[PDB]
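Take a look at the structure set out below.
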Amino acid sequence: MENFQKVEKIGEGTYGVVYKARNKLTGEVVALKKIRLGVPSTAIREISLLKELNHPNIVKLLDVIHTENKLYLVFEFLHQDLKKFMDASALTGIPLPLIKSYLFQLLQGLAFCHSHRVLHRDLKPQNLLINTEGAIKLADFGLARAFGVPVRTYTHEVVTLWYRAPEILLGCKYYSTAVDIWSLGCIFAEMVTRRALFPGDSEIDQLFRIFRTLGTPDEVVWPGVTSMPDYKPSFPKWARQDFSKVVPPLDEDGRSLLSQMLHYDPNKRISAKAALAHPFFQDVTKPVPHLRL
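Numbering (the entry's author numbering) for the sequence shown: 1 to 37, 43 to 298.
Structure representation (structure tokens):
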């Protein structure tokens with residue numbers, strides 16, 4: 001539209017292409033997501054919902070514009086995503102106080118969403134955006150299957166399984182807020198180690214990498230697991246590996262928190278609100294990253 005002047009393409013999302021743009025009138029600089037293609046009532050009002058969802062740690066959805074066979078999502082613009090910051094910090098690692106600040110802020114964001122009855126569903130470093138003032142924000146919230154598959158985007162681009170909760174992988178249709186805690190645990194481990202916790206290249210490889218590390222789940226640690234739609238008694242039975250080899254050299258408070266975020270049983274997995282009270286955050290501060298923009 002002529003409301004916005006394209007600056008550059010900044011990404012190709014899971015629903016459409018994203019541009020940096022400026023409001024041709026106000027001069028405001030925003031991120032503009034363009035999705036080609043009635044618009045589902047299921048969607049049209051769960052999206053207009055997301056506009057009400059305002060929090061310092063959630064990327065502000067400024068406007069939703071349905072026009073000429075397209076839907077535009079107008080967002081506040083941030084400096085950089087977490088994935089880029091992680092790749093640029095790979096030599097020395099992100100300093101623990103910054104890791105801790107980011108984790109704390111994201112748990113605040115999640116606690117807010119979840120208390121509002123909103124799930125993200127697709128948490129990953131790519132979907133987290135940061136600024137110069139040390140803030141980190143949840144971006145590109147996943148739609149409830151309003152867009153599922155459908156096969157792909159109406160466009161190209163492969164999807165990451167690395168942060169998917171095991172109950173999703175096992176066919177649970179009615180998964181809960183616990184799925185975001187799982188993904189955030191995986192992101193936490195990755196910030197610490199500089200390397201993806203569970204980098205699977207297929208759904209079964211993803212599952213089996215989780216099992217190989219955390220032990221194949223059974224009715225002891227996860228009641229009802231063997232009755233899950235995609236569970237197979239033929240799954241190999243791996244022993245749980247000791248947790249100290251998983252995220253060294255993270256301290257015991259960190260490891261304790263992470264283990265509670267990676268509980269197999271979604272009903273025993275720690276909540277975002279309870280995680281905020283974990284001793285790990287007793288000395289939490291808000292450092293600023295050094296950002297090359």
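All residues carry an ideal CB built from backbone N, CA and C; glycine is no exception.
- Taking each of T198, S232, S188 in turn and checking the Cα distance to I215, the smallest one comes out for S188.
- Here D235 is not bridged, per DSSP, to any residue.
- Residue nearest to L76 within the set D68, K34, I52 is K34 (criterion: CA-CA distance).
- The C-beta of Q5 has fewer than 16 other C-beta atoms within 10 Å across all chains shown, which makes the residue exposed.
- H60 is bridged by DSSP to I63.
- With a cutoff of 8 Å on beta-carbon distance, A116 and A277 are scored as near each other.
- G114 sits in a helix when the DSSP states are folded into three classes.
- If you draw a 10 Å sphere on the C-beta of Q287, you find fewer than 16 other C-beta atoms in it, and that means exposed.
- In the three-state DSSP reduction, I10 falls in the strand class (E or B).
- In this structure, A170 keeps its C-beta atom at 8 Å or more from the C-beta atom of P61.
- Here the C-alpha atom of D92 lies approximately 18 Å from the C-alpha atom of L108.
- Excluding sequence positions up to five before and after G13, its CB lies within less than 7 Å of the CB of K33, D145, all in the same chain and listed in chain order.
- Contact between the segment 221-240 and the segment 144-161 is absent: fewer than 3 CB-CB pairs across the two stretches fall below 8 Å.
- Within the same chain, Cβ atoms closer than 7 Å to the Cβ of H121 are found at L58, the five residues on either side in sequence being excluded.
- Here the alpha carbon of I63 sits roughly 15 Å from the alpha carbon of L148.
- Membership of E81 in the beta strand (DSSP E) is indicated by the continuous run 75-81.
- The residue among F90, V44, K56, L67 with its C-alpha nearest the C-alpha of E73 is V44.
- Contact between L128 and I70 does not hold, since their C-beta atoms are separated by about 26 Å, which reaches or exceeds 8 Å.
- For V29, the enclosing beta strand (DSSP E) covers residues 29-36.
- The criterion of a C-beta distance shorter than 8 Å is not satisfied by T218 and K242.
- According to the DSSP assignment, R22 belongs to the beta strand (DSSP E) that extends over 17-23.
- Here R274 is buried, its C-beta having at least 16 other C-beta atoms within 10 Å.
- Boundaries of the beta strand (DSSP E) around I141: 141-143.
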